[PDB]
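> Before we start, here is the structure in question, set down as structure tokens.
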Amino acid sequence: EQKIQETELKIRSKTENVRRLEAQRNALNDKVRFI
Amino acid sequence: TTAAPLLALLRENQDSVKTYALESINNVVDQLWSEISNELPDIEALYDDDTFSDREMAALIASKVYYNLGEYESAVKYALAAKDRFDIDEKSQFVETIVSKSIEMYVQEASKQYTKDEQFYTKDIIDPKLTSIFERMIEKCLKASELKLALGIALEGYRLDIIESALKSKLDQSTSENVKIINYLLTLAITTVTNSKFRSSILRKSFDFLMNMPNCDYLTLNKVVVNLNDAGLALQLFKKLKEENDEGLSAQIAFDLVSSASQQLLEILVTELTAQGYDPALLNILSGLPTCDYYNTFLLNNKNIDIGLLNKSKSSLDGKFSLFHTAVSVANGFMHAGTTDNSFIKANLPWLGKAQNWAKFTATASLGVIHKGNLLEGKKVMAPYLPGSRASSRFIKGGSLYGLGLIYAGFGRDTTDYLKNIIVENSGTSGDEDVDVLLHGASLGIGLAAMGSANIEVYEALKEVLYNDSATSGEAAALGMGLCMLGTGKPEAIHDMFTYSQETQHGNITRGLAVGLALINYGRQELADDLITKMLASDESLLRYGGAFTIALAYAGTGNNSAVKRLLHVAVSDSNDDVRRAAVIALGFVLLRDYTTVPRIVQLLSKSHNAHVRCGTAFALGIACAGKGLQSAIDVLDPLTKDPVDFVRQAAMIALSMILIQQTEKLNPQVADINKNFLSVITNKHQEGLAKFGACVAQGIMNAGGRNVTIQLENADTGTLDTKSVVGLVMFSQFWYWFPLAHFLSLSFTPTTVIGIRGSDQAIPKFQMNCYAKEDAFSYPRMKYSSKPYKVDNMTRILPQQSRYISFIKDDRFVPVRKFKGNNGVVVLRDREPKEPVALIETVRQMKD
Amino acid sequence: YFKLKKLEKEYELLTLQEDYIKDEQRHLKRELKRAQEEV
């Protein structure tokens with residue numbers, strides 16, 4: 001059962017990479033509301 | 001002890017001394033490996049030496065070096081080099097990683113060589129070093145009585161020997177163990193196995209185990225026939241019903257197969273079944289007669305339209321052309337759907353006369369949604385407007401032939417010969433505009449009647465209409481041919497209809513051809529990529545519109561990341577708002593399986609500078625979330641309700657109407673804000689025109705079928721993608737571009753009822769359950785698990801979601817089987833003591849037969 | 001057994017959002033072109 005758990009740990013690591021999308025989306029919405 | 005001097009002494013003579021030298025090394029292989037690694041090349045060089053007989057013990061040393069070095073691929077090779085010292089049963093972190101690494105590399109080669117040969121697991125096509133550990137790991141899991149890792153890896157390994165051989169030894173035949181085993185094999189392999197041929201054999205091999213029918217699960221065998229679409233397995237189910245005689249078990253199989261099967265499989269269940277013998281009680285069941293009878297009668301018993309709130313909506317104004325009259329007519333036709341109530345057309349004179357010429361189509365086609373399900377008097381409703389009786393005009397006459405298409409769809413073999421004769425009369429030419437209107441409703445009616453069945457006569461009759469380049473019926477001919485080509489279809493018709501789109505450039509034609517080219521490819525997945533590439537490479541706006549729906553229908557069901565990358569790049573790079581709207585709507589059809597991630601994607605697309613992008617994501621959110629959970633999608637559609645754009649608020653109200661069905665009475669707290677906006681937006685003149693026009697249908701969808709019917713798409717009852725439900729939702733995407741298509745939505749409305757009927761014929765009795773249920777059916781628009789019984793759980797309306805806690809009382813003449821099977825269309829529970837009074841009440845279903 | 005099914009279901013979000021953050025940068029470049037027209 002460790003093969004699924006160790007593979008799932010990568011999803012938690014890539015979860016913090018999703019956080020980079022919120023920084024770009026909020027910066028993009030500031031340009032959309034400006035125009 | 002120290003392996004450093006011993007490894008350098010392996011270049012001398014007396015190989016018998018080398019045997020004793022390797023004995024003391026095996027202790028430090030996990031310790032000094034970081035040091036002696038300088039002598040590692042001398043270990044590998046001896047393996048290829050023919051005079052070196054110690055390679056059995058030497059393979060264990062090198063297996064623990066390269067592994068700790070960080071190379072997982074090398075640890076598999078040196079471990080299986082000897083095929084002796086390696087012990088898979090030994091429990092350690094060294095062996096378990098090598099096993100998991102060999103399986104990971106085995107799945108990559110299994111998804112490739114499977115195309116050339118399916119027997120590769122019995123042959124040398126794969127190097128046995130991959131299959132050596134893979135075979136020993138499965139045998140170790142079988143001895144540990146663990147079916148989670150054994151069956152899960154078997155689906156990834158693409159080996160038919162594991163599931164077939166191991167299941168025979170694990171048979172516990174209660175007899176509920178073999179049902180869950182296949183359920184674990186069916187659920188996982190869909191999201192795991194990427195080849196439709198491998199999962200086709202898994203369902204086929206599992207049929208031979210349950211073929212004896214020892215009171216096993218028929219729903220498991222029914223999903224095999226529906227997915228494979230095999231005529232032999234469908235007939236084989238009734239072959240066993242002749243040996244073992246059960247009236248309850250044979251019935252539930254018949255009601256289930258008729259709904260999920262296409263038109264091609266119904267011929268095997270009727271025509272082919274008659275030649276080999278059948279059951280006189282089960283013959284009419286497979287013909288779809290009781291299916292339509294249940295939907296019409298269950299809605300008539302409990303029916304609340306609440307016309308008080310509707311009177312204030314349709315009395316606001318007589319202007320705004322038909323957009324106001326179409327909104328109230330299409331919405332009201334949903335409330336009476338299946339109940340056969342003409343009170344909107346009959347009892348109210350003025351609202352019919354205020355309509356325009358083409359507006360009379362909605363008033364006439366509204367009865368098609370209302371009377372849908374009537375196979376007897378459905379023609380008498382349109383009788384005055386049928387050809388030969390003339391009509392008030394020729395614009396309204398065309399809607400009568402379309403009203404027969406909504407009611408008789410799939411049953412319209414009788415009307416198929418009747419509707420095509422009108423097309424031939426008008427196939428020559430047209431001198432007036434209303435002449436094509438009569439041909440428009442005729443081509444759409446025959447397309448629905450022949451929907452699901454391939455007919456060369458309908459394809460050739462509508463092909464001559466396309467040659468005339470009609471600006472009205474041109475789309476009707478394309479939509480009619482696409483419904484006959486559903487499924488695999490005709491490969492020749494793919495390039496022929498695609499050529500006519502490039503030769504003839506027309507808005508109402510090419511757009512209909514683009515949708516027609518999407519319908520001809522259904523479930524083909526990569527087989528339709530040839531047509532998708534031609535649409536993406538072309539810069540035409542209409543060809544890019546149909547490209548998304550072509551991806552939507554073929555890639556629906558099981559999700560695919562390849563279809564996501566296609567729909568994402570088109571909705572961004574392309575500047576066409578209509579194409580961006582089609583790309584975001586097409587994404588919902590692929591996501592129908594997982595409704596939890598649908599709102600998260602919409603939230604990313606909820607903020608944009610384009611209105612059509614936000615309008616497309618609005619309705620696409622309600623497609624998958626209609627009959628599913630995750631009520632938080634309402635808050636996603638809240639900012640779209642405040643959008644000053646007119647058509648965005650229209651699609652937002654419709655999307656809210658789909659999710660909020662049966663969500664009232666302390667289920668969803670947002671039901672109070674949506675009920676106020678019904679009368680508020682219509683009466684207020686400060687809102688948008690299309691905003692109040694969409695709020696009419698929004699109030700009509702929640703009240704459709706008298707608060708009863710719900711939108712069910714990709715559920716556990718059907719087992720696969722509903723053909724009639726997915727096509728109707730595509731037509732709604734086109735509203736004010738040509739003329740509202742919302743009449744096609746009636747295919748997705750089904751009532752929610754729980755009743756046992758009998759074990760032989762139609763009954764519809766009246767009894768009581770008294771099990772835990774939420775309060776829904778007794779909560780109608782006005783002017784925690786407590787194990788507490790409800791008022792009446794029999795029939796009524798309630799909700800399919802929270803009904804899972806409803807049990808079945810055994811104190812009556814019936815008996816529970818599935819412990820709330822929860823299938824509203826099939827119903828017909830088991831009767832342990834027939835020929836006893838059920839307090840039966842004969843319904844009006846005889847009028848629908 | 002839900003750990004095996006939900007494992008591959010999470011990669012669909014990582015697949016879309018990987019190319020979706022790149023589309024926001026392409027949109028940001030289009031907003032800069034529109035910003036030059038505003039001046």
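Note on naming: chains are A, B, ... as they come in the structure tokens, residues start from 1 per chain, ligands start from 1 in the order shown.
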Pick out the residues sitting within 12 Å of residue A:20, and hand them over as a PyMOL selection string; count only C-alpha atoms, and ignore anything fewer than 4 positions along from it in its own chain.
(chain A and resi 14-16+24-27) or (chain C and resi 17-18+20-22+24)
> Please list as a list in words every residue within 10 Å of stretch 8-10 of chain C, counting only C-alpha atoms and excluding residues in the same chain fewer than 3 positions away.
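That gives residues 7, 8, 11 and 15 of chain A; 191, 192, 559, 594 and 597 of chain B; 3, 4, 5, 13, 14 and 15 of chain C.
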> Next, the residues of the selection above should be written as a PDB file, in the first residue's frame with N, CA, C and O atoms.

```pdb
ATOM      1  N   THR A   7       3.288   7.785  -4.067  1.00  0.00           N
ATOM      2  CA  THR A   7       2.896   8.498  -5.279  1.00  0.00           C
ATOM      3  C   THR A   7       1.985   9.674  -4.947  1.00  0.00           C
ATOM      4  O   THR A   7       2.059  10.728  -5.592  1.00  0.00           O
ATOM      5  N   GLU A   8       1.128   9.518  -3.936  1.00  0.00           N
ATOM      6  CA  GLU A   8       0.238  10.603  -3.535  1.00  0.00           C
ATOM      7  C   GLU A   8       1.013  11.772  -2.937  1.00  0.00           C
ATOM      8  O   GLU A   8       0.539  12.914  -2.978  1.00  0.00           O
ATOM      9  N   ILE A  11       1.460  14.656  -5.262  1.00  0.00           N
ATOM     10  CA  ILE A  11       0.317  15.548  -5.439  1.00  0.00           C
ATOM     11  C   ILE A  11       0.348  16.662  -4.400  1.00  0.00           C
ATOM     12  O   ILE A  11       0.071  17.828  -4.708  1.00  0.00           O
ATOM     13  N   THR A  15       0.726  20.512  -5.086  1.00  0.00           N
ATOM     14  CA  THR A  15      -0.335  21.382  -4.586  1.00  0.00           C
ATOM     15  C   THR A  15       0.196  22.782  -4.305  1.00  0.00           C
ATOM     16  O   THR A  15      -0.481  23.780  -4.579  1.00  0.00           O
TER      17      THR A  15
ATOM     18  N   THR B 191     -11.082   4.300 -15.106  1.00  0.00           N
ATOM     19  CA  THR B 191     -10.146   5.406 -14.952  1.00  0.00           C
ATOM     20  C   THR B 191      -8.691   4.976 -15.088  1.00  0.00           C
ATOM     21  O   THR B 191      -7.803   5.835 -15.059  1.00  0.00           O
ATOM     22  N   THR B 192      -8.426   3.679 -15.236  1.00  0.00           N
ATOM     23  CA  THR B 192      -7.070   3.160 -15.364  1.00  0.00           C
ATOM     24  C   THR B 192      -6.775   2.674 -16.777  1.00  0.00           C
ATOM     25  O   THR B 192      -5.886   3.210 -17.444  1.00  0.00           O
ATOM     26  N   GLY B 559     -12.953  10.829 -18.637  1.00  0.00           N
ATOM     27  CA  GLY B 559     -12.212  12.030 -18.958  1.00  0.00           C
ATOM     28  C   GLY B 559     -10.885  11.735 -19.629  1.00  0.00           C
ATOM     29  O   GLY B 559     -10.288  10.669 -19.470  1.00  0.00           O
ATOM     30  N   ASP B 594     -16.612  13.292 -13.176  1.00  0.00           N
ATOM     31  CA  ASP B 594     -16.201  13.918 -11.925  1.00  0.00           C
ATOM     32  C   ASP B 594     -16.788  15.324 -11.874  1.00  0.00           C
ATOM     33  O   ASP B 594     -16.349  16.215 -12.609  1.00  0.00           O
ATOM     34  N   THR B 597     -14.486  18.577  -9.544  1.00  0.00           N
ATOM     35  CA  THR B 597     -13.494  19.480 -10.112  1.00  0.00           C
ATOM     36  C   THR B 597     -14.077  20.444 -11.136  1.00  0.00           C
ATOM     37  O   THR B 597     -13.350  21.317 -11.623  1.00  0.00           O
TER      38      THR B 597
ATOM     39  N   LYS C   3      -7.905   5.397  -2.240  1.00  0.00           N
ATOM     40  CA  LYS C   3      -6.603   6.018  -2.463  1.00  0.00           C
ATOM     41  C   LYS C   3      -6.068   5.719  -3.856  1.00  0.00           C
ATOM     42  O   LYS C   3      -5.315   6.524  -4.416  1.00  0.00           O
ATOM     43  N   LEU C   4      -6.442   4.574  -4.432  1.00  0.00           N
ATOM     44  CA  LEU C   4      -5.996   4.237  -5.779  1.00  0.00           C
ATOM     45  C   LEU C   4      -6.797   4.984  -6.838  1.00  0.00           C
ATOM     46  O   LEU C   4      -6.233   5.436  -7.842  1.00  0.00           O
ATOM     47  N   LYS C   5      -8.107   5.124  -6.634  1.00  0.00           N
ATOM     48  CA  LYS C   5      -8.940   5.815  -7.614  1.00  0.00           C
ATOM     49  C   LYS C   5      -8.690   7.317  -7.589  1.00  0.00           C
ATOM     50  O   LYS C   5      -8.497   7.942  -8.638  1.00  0.00           O
ATOM     51  N   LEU C  13      -6.380  17.991 -12.579  1.00  0.00           N
ATOM     52  CA  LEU C  13      -6.251  19.385 -12.168  1.00  0.00           C
ATOM     53  C   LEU C  13      -4.839  19.900 -12.412  1.00  0.00           C
ATOM     54  O   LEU C  13      -4.652  21.065 -12.783  1.00  0.00           O
ATOM     55  N   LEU C  14      -3.832  19.048 -12.209  1.00  0.00           N
ATOM     56  CA  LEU C  14      -2.455  19.459 -12.460  1.00  0.00           C
ATOM     57  C   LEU C  14      -2.172  19.588 -13.951  1.00  0.00           C
ATOM     58  O   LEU C  14      -1.271  20.335 -14.346  1.00  0.00           O
ATOM     59  N   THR C  15      -2.924  18.872 -14.789  1.00  0.00           N
ATOM     60  CA  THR C  15      -2.724  18.960 -16.231  1.00  0.00           C
ATOM     61  C   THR C  15      -3.306  20.249 -16.800  1.00  0.00           C
ATOM     62  O   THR C  15      -2.656  20.924 -17.606  1.00  0.00           O
TER      63      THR C  15
END
```
> Counting only C-alpha atoms, which residues of chain B sit at most 8 Å from some atom of chain A, and what is each one's closest atom pair with its distance in Å to one decimal, listed by chain and rising residue number, as a tab-separated table?

```
residue	atom	partner	partner_atom	distance
B:100	CA	A:3	CA	6.8
B:149	CA	A:1	CA	7.3
B:607	CA	A:29	CA	7.0
B:608	CA	A:32	CA	7.1
B:609	CA	A:32	CA	6.1
```
> Would you output that residue set with N, CA, C and O atoms, as a PDB file, in the first residue's frame?

```pdb
ATOM      1  N   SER B 100       7.941  -2.666  -6.947  1.00  0.00           N
ATOM      2  CA  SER B 100       7.161  -1.538  -7.447  1.00  0.00           C
ATOM      3  C   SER B 100       7.813  -0.898  -8.666  1.00  0.00           C
ATOM      4  O   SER B 100       7.110  -0.360  -9.530  1.00  0.00           O
ATOM      5  N   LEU B 149      -4.563  -4.699  -3.816  1.00  0.00           N
ATOM      6  CA  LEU B 149      -3.326  -4.565  -4.576  1.00  0.00           C
ATOM      7  C   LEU B 149      -3.229  -5.589  -5.699  1.00  0.00           C
ATOM      8  O   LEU B 149      -2.589  -5.322  -6.721  1.00  0.00           O
ATOM      9  N   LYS B 607     -13.596  34.721 -14.064  1.00  0.00           N
ATOM     10  CA  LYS B 607     -13.063  36.071 -14.205  1.00  0.00           C
ATOM     11  C   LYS B 607     -12.456  36.206 -15.597  1.00  0.00           C
ATOM     12  O   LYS B 607     -11.411  35.616 -15.887  1.00  0.00           O
ATOM     13  N   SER B 608     -13.112  36.983 -16.454  1.00  0.00           N
ATOM     14  CA  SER B 608     -12.627  37.211 -17.808  1.00  0.00           C
ATOM     15  C   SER B 608     -13.231  38.503 -18.334  1.00  0.00           C
ATOM     16  O   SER B 608     -14.233  39.000 -17.812  1.00  0.00           O
ATOM     17  N   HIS B 609     -12.606  39.041 -19.377  1.00  0.00           N
ATOM     18  CA  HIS B 609     -13.074  40.265 -20.012  1.00  0.00           C
ATOM     19  C   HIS B 609     -14.152  40.019 -21.059  1.00  0.00           C
ATOM     20  O   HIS B 609     -14.777  40.979 -21.520  1.00  0.00           O
TER      21      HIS B 609
END
```
> Just the residues within 7 Å of residue B:336, please, counting only C-alpha atoms, with nothing from its chain fewer than 3 positions along; format it as a compact mmCIF listing (two decimals) with N, CA, C and O atoms, in the first residue's frame.

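Listing of out02.txt after writing:
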```txt
# COMPACT_ATOMS: atom_id res chain seq x y z
N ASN B 332 -43.71 26.84 -19.60
CA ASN B 332 -44.96 26.20 -19.18
C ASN B 332 -45.07 24.79 -19.75
O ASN B 332 -45.60 23.90 -19.07
N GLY B 333 -44.58 24.57 -20.97
CA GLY B 333 -44.58 23.24 -21.54
C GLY B 333 -43.76 22.23 -20.75
O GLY B 333 -44.00 21.02 -20.87
N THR B 339 -47.81 15.03 -18.36
CA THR B 339 -49.13 15.02 -17.75
C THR B 339 -50.25 15.28 -18.75
O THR B 339 -51.42 15.11 -18.39
N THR B 340 -49.92 15.67 -19.98
CA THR B 340 -50.90 15.94 -21.04
C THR B 340 -51.95 16.94 -20.58
O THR B 340 -53.13 16.63 -20.39
N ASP B 341 -51.50 18.18 -20.40
CA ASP B 341 -52.36 19.29 -20.03
C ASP B 341 -52.14 20.43 -21.01
O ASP B 341 -51.04 21.00 -21.07
N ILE B 370 -45.32 18.46 -23.55
CA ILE B 370 -46.37 18.17 -22.59
C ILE B 370 -46.91 16.75 -22.78
O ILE B 370 -47.06 15.99 -21.82
N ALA B 704 -40.71 21.86 -13.66
CA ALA B 704 -40.99 20.96 -14.77
C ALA B 704 -41.55 19.64 -14.27
O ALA B 704 -41.18 19.14 -13.21
N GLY B 705 -42.47 19.07 -15.06
CA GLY B 705 -43.11 17.82 -14.68
C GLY B 705 -43.86 17.88 -13.37
O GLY B 705 -44.10 16.84 -12.76
N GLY B 706 -44.24 19.07 -12.92
CA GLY B 706 -44.89 19.22 -11.64
C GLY B 706 -43.97 18.96 -10.47
O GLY B 706 -44.29 18.15 -9.60
```
> Neighbouring residues of residue C:23 were defined as those with any atom within 10 Å, considering only C-alpha atoms; residues of the same chain fewer than 2 positions away were excluded. Please report them as an mmCIF file with N, CA and C atoms, in the first residue's frame.

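And here's result-v3.cif as it stands now:
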```cif
data_model
loop_
_atom_site.group_PDB
_atom_site.id
_atom_site.type_symbol
_atom_site.label_atom_id
_atom_site.label_comp_id
_atom_site.auth_asym_id
_atom_site.auth_seq_id
_atom_site.Cartn_x
_atom_site.Cartn_y
_atom_site.Cartn_z
ATOM 1 N N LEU B 568 -8.746 23.909 -24.168
ATOM 2 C CA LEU B 568 -8.180 25.036 -23.436
ATOM 3 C C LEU B 568 -7.462 26.007 -24.365
ATOM 4 N N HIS B 569 -6.713 25.487 -25.342
ATOM 5 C CA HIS B 569 -5.967 26.359 -26.243
ATOM 6 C C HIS B 569 -6.883 27.093 -27.213
ATOM 7 N N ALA B 571 -10.063 28.106 -26.545
ATOM 8 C CA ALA B 571 -10.777 29.145 -25.814
ATOM 9 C C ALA B 571 -9.892 30.329 -25.447
ATOM 10 N N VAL B 572 -8.585 30.240 -25.680
ATOM 11 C CA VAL B 572 -7.643 31.309 -25.358
ATOM 12 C C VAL B 572 -7.116 31.983 -26.622
ATOM 13 N N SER B 573 -6.413 31.229 -27.473
ATOM 14 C CA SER B 573 -5.788 31.817 -28.655
ATOM 15 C C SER B 573 -6.821 32.426 -29.596
ATOM 16 N N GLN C 17 -4.211 23.136 -15.045
ATOM 17 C CA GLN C 17 -3.620 24.322 -14.437
ATOM 18 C C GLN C 17 -2.163 24.527 -14.832
ATOM 19 N N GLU C 18 -1.501 23.498 -15.368
ATOM 20 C CA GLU C 18 -0.128 23.675 -15.829
ATOM 21 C C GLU C 18 -0.079 24.544 -17.080
ATOM 22 N N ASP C 19 -0.958 24.278 -18.044
ATOM 23 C CA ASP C 19 -1.063 25.101 -19.241
ATOM 24 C C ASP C 19 -2.005 26.284 -19.066
ATOM 25 N N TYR C 20 -2.800 26.309 -17.993
ATOM 26 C CA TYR C 20 -3.699 27.432 -17.758
ATOM 27 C C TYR C 20 -2.961 28.646 -17.213
ATOM 28 N N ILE C 21 -1.927 28.432 -16.394
ATOM 29 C CA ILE C 21 -1.122 29.554 -15.924
ATOM 30 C C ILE C 21 -0.318 30.149 -17.073
ATOM 31 N N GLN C 25 -0.371 34.265 -18.853
ATOM 32 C CA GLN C 25 0.757 35.082 -19.287
ATOM 33 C C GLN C 25 0.568 35.558 -20.722
ATOM 34 N N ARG C 26 0.031 34.695 -21.589
ATOM 35 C CA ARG C 26 -0.287 35.120 -22.947
ATOM 36 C C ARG C 26 -1.394 36.167 -22.947
ATOM 37 N N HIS C 27 -2.365 36.029 -22.041
ATOM 38 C CA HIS C 27 -3.383 37.062 -21.890
ATOM 39 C C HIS C 27 -2.778 38.343 -21.331
ATOM 40 N N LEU C 28 -1.813 38.215 -20.416
ATOM 41 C CA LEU C 28 -1.140 39.392 -19.878
ATOM 42 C C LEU C 28 -0.377 40.134 -20.967
ATOM 43 N N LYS C 29 0.221 39.397 -21.906
ATOM 44 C CA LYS C 29 0.897 40.039 -23.028
ATOM 45 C C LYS C 29 -0.092 40.758 -23.937
#
```
> If we count only C-alpha atoms and set the cut-off at 10 Å, which residues sit around residue B:715, ignoring sequence neighbours fewer than 5 positions away in its own chain? Please answer as a short mmCIF file (atom, residue, chain, number, x, y, z; two decimals) with C-alpha atoms, in the first residue's frame.

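selection.cif, written as the output of this step:
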```cif
data_model
loop_
_atom_site.label_atom_id
_atom_site.label_comp_id
_atom_site.auth_asym_id
_atom_site.auth_seq_id
_atom_site.Cartn_x
_atom_site.Cartn_y
_atom_site.Cartn_z
CA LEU B 592 -19.56 14.59 -16.53
CA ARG B 593 -17.87 11.77 -14.60
CA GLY B 627 -28.33 15.69 -10.74
CA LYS B 628 -25.10 15.50 -8.72
CA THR B 720 -23.29 4.84 -19.27
CA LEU B 721 -23.75 8.16 -21.05
CA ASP B 722 -27.39 8.88 -21.89
CA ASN B 823 -33.96 3.13 -9.85
#
```
> I'd like the neighbourhood of stretch 681-686 of chain B as a PyMOL selection string, where a residue qualifies if any of its atoms comes within 12 Å (using only C-alpha atoms), though same-chain residues fewer than 2 positions away should be ignored.
chain B and resi 309-317+324+327-328+641-642+644+646+649-650+653+673-679+688-699
> What would the file look like if the residues just selected were written as a PDB file, in the first residue's frame with C-alpha atoms?

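Ended up saving to result-v7.pdb:
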```pdb
ATOM      1  CA  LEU B 309     -46.706  32.502  -9.707  1.00  0.00           C
ATOM      2  CA  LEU B 310     -46.876  31.809 -13.457  1.00  0.00           C
ATOM      3  CA  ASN B 311     -49.803  34.176 -14.074  1.00  0.00           C
ATOM      4  CA  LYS B 312     -47.786  37.159 -12.828  1.00  0.00           C
ATOM      5  CA  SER B 313     -44.873  36.153 -15.081  1.00  0.00           C
ATOM      6  CA  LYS B 314     -46.735  35.899 -18.403  1.00  0.00           C
ATOM      7  CA  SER B 315     -49.062  38.874 -17.772  1.00  0.00           C
ATOM      8  CA  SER B 316     -46.222  41.422 -17.583  1.00  0.00           C
ATOM      9  CA  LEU B 317     -46.274  42.656 -21.185  1.00  0.00           C
ATOM     10  CA  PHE B 324     -41.390  37.053 -24.025  1.00  0.00           C
ATOM     11  CA  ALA B 327     -40.011  32.231 -22.665  1.00  0.00           C
ATOM     12  CA  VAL B 328     -43.402  31.636 -21.042  1.00  0.00           C
ATOM     13  CA  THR B 641     -26.186  36.756 -11.894  1.00  0.00           C
ATOM     14  CA  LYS B 642     -25.038  40.352 -11.293  1.00  0.00           C
ATOM     15  CA  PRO B 644     -24.783  43.540 -16.626  1.00  0.00           C
ATOM     16  CA  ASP B 646     -28.003  40.238 -20.855  1.00  0.00           C
ATOM     17  CA  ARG B 649     -27.765  36.247 -16.764  1.00  0.00           C
ATOM     18  CA  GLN B 650     -30.006  34.132 -19.005  1.00  0.00           C
ATOM     19  CA  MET B 653     -30.687  31.392 -14.335  1.00  0.00           C
ATOM     20  CA  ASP B 673     -32.831  34.123  -3.193  1.00  0.00           C
ATOM     21  CA  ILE B 674     -33.598  32.215  -6.401  1.00  0.00           C
ATOM     22  CA  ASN B 675     -37.361  32.120  -5.764  1.00  0.00           C
ATOM     23  CA  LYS B 676     -37.477  35.890  -5.229  1.00  0.00           C
ATOM     24  CA  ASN B 677     -35.644  36.610  -8.496  1.00  0.00           C
ATOM     25  CA  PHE B 678     -38.384  34.795 -10.443  1.00  0.00           C
ATOM     26  CA  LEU B 679     -41.024  37.508 -10.016  1.00  0.00           C
ATOM     27  CA  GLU B 688     -32.026  43.000 -18.937  1.00  0.00           C
ATOM     28  CA  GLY B 689     -34.487  41.738 -21.520  1.00  0.00           C
ATOM     29  CA  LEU B 690     -32.832  38.339 -21.894  1.00  0.00           C
ATOM     30  CA  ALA B 691     -32.392  38.194 -18.106  1.00  0.00           C
ATOM     31  CA  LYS B 692     -36.131  38.054 -17.399  1.00  0.00           C
ATOM     32  CA  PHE B 693     -36.702  35.813 -20.430  1.00  0.00           C
ATOM     33  CA  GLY B 694     -34.309  33.224 -19.003  1.00  0.00           C
ATOM     34  CA  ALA B 695     -35.860  33.506 -15.545  1.00  0.00           C
ATOM     35  CA  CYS B 696     -39.132  32.237 -17.031  1.00  0.00           C
ATOM     36  CA  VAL B 697     -37.594  28.942 -18.158  1.00  0.00           C
ATOM     37  CA  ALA B 698     -35.538  28.882 -14.946  1.00  0.00           C
ATOM     38  CA  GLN B 699     -38.787  28.847 -12.970  1.00  0.00           C
TER      39      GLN B 699
END
```
> Name all residues at most 9 Å from residue B:826 (count only C-alpha atoms; drop same-chain ones fewer than 6 positions away) and give them as a list in words.
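So the residues in contact are residues 252, 253, 254, 255, 256, 259, 291, 294 and 717 of chain B.
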> Distance table requested - chain B against chain C, cut-off 7 Å, only C-alpha atoms: one row per qualifying residue with the closest atom pair and its distance in Å to one decimal, ordered by chain and rising residue number, as a tab-separated table.

```
residue	atom	partner	partner_atom	distance
B:148	CA	C:1	CA	6.5
B:188	CA	C:5	CA	6.3
B:561	CA	C:12	CA	6.5
B:564	CA	C:16	CA	6.9
B:572	CA	C:23	CA	6.8
```
> Write a file of the selected residues as an mmCIF file, in the first residue's frame, keeping N, CA, C and O atoms.

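The result, stored in out09.cif:
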```cif
data_model
loop_
_atom_site.group_PDB
_atom_site.id
_atom_site.type_symbol
_atom_site.label_atom_id
_atom_site.label_comp_id
_atom_site.auth_asym_id
_atom_site.auth_seq_id
_atom_site.Cartn_x
_atom_site.Cartn_y
_atom_site.Cartn_z
ATOM 1 N N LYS B 148 -7.101 -5.785 -3.015
ATOM 2 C CA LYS B 148 -6.956 -4.395 -3.432
ATOM 3 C C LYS B 148 -5.708 -4.198 -4.284
ATOM 4 O O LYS B 148 -5.772 -3.597 -5.363
ATOM 5 N N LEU B 188 -12.385 0.674 -11.160
ATOM 6 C CA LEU B 188 -10.990 1.081 -11.293
ATOM 7 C C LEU B 188 -10.520 1.046 -12.742
ATOM 8 O O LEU B 188 -9.815 1.958 -13.186
ATOM 9 N N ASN B 561 -7.143 13.877 -20.698
ATOM 10 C CA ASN B 561 -6.342 15.093 -20.635
ATOM 11 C C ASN B 561 -5.998 15.628 -22.018
ATOM 12 O O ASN B 561 -5.699 16.821 -22.150
ATOM 13 N N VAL B 564 -8.687 17.970 -22.950
ATOM 14 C CA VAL B 564 -8.643 19.190 -22.149
ATOM 15 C C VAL B 564 -7.670 20.192 -22.757
ATOM 16 O O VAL B 564 -7.965 21.391 -22.840
ATOM 17 N N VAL B 572 -8.585 30.240 -25.680
ATOM 18 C CA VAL B 572 -7.643 31.309 -25.358
ATOM 19 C C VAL B 572 -7.116 31.983 -26.622
ATOM 20 O O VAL B 572 -7.328 33.179 -26.833
#
```
